[PDB]
Visitor: 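This is the structure I have questions about; it appears just below.
Along the sequence shown, the residues carry numbers beginning at 1. Every number for a ligand or one of its atoms is a count from 1 in the order of the listing.
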Amino acid sequence: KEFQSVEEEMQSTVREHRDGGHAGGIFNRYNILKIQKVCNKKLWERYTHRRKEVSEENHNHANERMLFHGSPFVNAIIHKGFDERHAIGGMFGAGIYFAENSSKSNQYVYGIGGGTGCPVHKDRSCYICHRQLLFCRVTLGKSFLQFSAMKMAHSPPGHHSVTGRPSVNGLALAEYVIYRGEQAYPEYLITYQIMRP
Ligand SMILES: NC(=O)c1cccc2ncc(-c3ccc(Cl)cc3)nc12
Ligand SMILES: [Zn+2]
């Protein structure tokens with residue numbers, strides 16, 4: 001039920017991508033293989049301690065959202081947490097990026113722009129190799145709304161995150177950026193394949 005809800009979010013938020021599948025592959029849906037709840041007490045507490053601090057700075061409201069994250073480093077993330085020291089060249093600078101559309105995070109699973117794809121077949125559209133996405137609790141707090149590229153090193157003054165909003169000459173889909181790794185928790189590890197349309 002918790003997992004059916006995660007599967008529903010994963011499938012229903014897929015969009016057709018402007019790059020025609022170059023980065024993440026060609027698909028309309030996934031084959032969801034496994035959904036695992038990550039239980040890392042030390043990381044959870046690091047997350048909730050910061051969430052409380054952010055809520056206190058944002059009119060008693062954490063502005064928490066469940067968002068996707070794609071990375072070749074899912075294993076390190078679930079053990080050590082998100083780490084801004086790994087994050088300036090990105091559209092919103094040196095942040096940790098999240099999507100509300102699973103297929104946008106799927107474009108980052110094998111690297112920026114999909115890298116060279118899966119390690120076995122070197123295919124960004126591999127229907128064989130199993131992929132992993134994270135479905136994360138993300139504390140946005142007071143989120144700075146931005147439409148165009150703004151290369152920042154940290155959250156804007158008085159803010160806790162950046163929300164990249166869609167615009168005609170800019171973003172096709174939203175994205176959410178934090179500048180402190182403790183503002184996200186890798187709640188669910190989703191193992192899946194993209195499916196041939
Ligand atoms: N990861 C996501 O799910 C993700 C979702 C949404 C937008 C992103 N934009 C940039 C990057 C990004 C990935 C790696 C590096 Cl090194 C820098 C930025 N990731 C993104
Ligand atoms: Zn493959």
Visitor: Closer than 2.8 Å to the Zn ion (ligand 2), what protein N/O/S atoms do you find?
Guide: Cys118 SG, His121 ND1, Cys126 SG, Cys129 SG
Visitor: Apply side-chain contact (heavy atoms from CB on, under 4.5 Å) to the pair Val109 and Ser71, showing each step before the final yes or no.
Guide: CA-CA 4 Å; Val109 166; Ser71 175; over 6 Å; no
Visitor: Start with the C-alpha gap between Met10 and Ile190, add the side-chain angles, then the distance that decides, and say whether side-chain contact (heavy atoms from CB on, under 4.5 Å) holds.
Guide: CA-CA 9 Å; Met10 178 83 168; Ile190 303 159; 3.9 Å; yes
Visitor: Would you please classify the geometry between the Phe92 ring and the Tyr97 ring as parallel, tilted or perpendicular, with 30° and 60° separating the classes?
Guide: parallel
Visitor: When you check the gap from the basic side-chain N to the acidic O, do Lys142 and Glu57 get nearer than 4.0 Å?
Guide: no
Visitor: Which of these passes ring pair (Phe, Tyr, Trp, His ring centres under 6.0 Å) with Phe82: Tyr47, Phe98, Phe73?
Guide: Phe98
Visitor: With a 4.0 angstrom cut-off on heavy atoms, strictly below it, pick out the residues next to ligand 1 and order them by chain and number.
Guide: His69, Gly70, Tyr97, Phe98, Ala99, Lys104, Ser105, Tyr108, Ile112, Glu175
Visitor: Mark yes or no for whether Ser125, through its side chain, and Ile26, through its backbone, hold a donor-acceptor pair below 3.5 Å.
Guide: yes
Visitor: Could you check whether the rings of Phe144 and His159 sit parallel, tilted or perpendicular, using 30° and 60° as the cut-offs?
Guide: perpendicular
Visitor: One thing to verify: whether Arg180 and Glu84 come together as a salt bridge, which I'm taking to mean a side-chain N less than 4.0 angstrom from a carboxylate O.
Guide: no
Visitor: Using the salt bridge (charged side-chain N to carboxylate O under 4.0 Å, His left out) rule, take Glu45 and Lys41 through it: C-alpha gap first, then chi angles, then the decisive distance, then the call.
Guide: CA-CA 6 Å; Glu45 291 186 345; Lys41 195 179 251 165; 5.7 Å; no
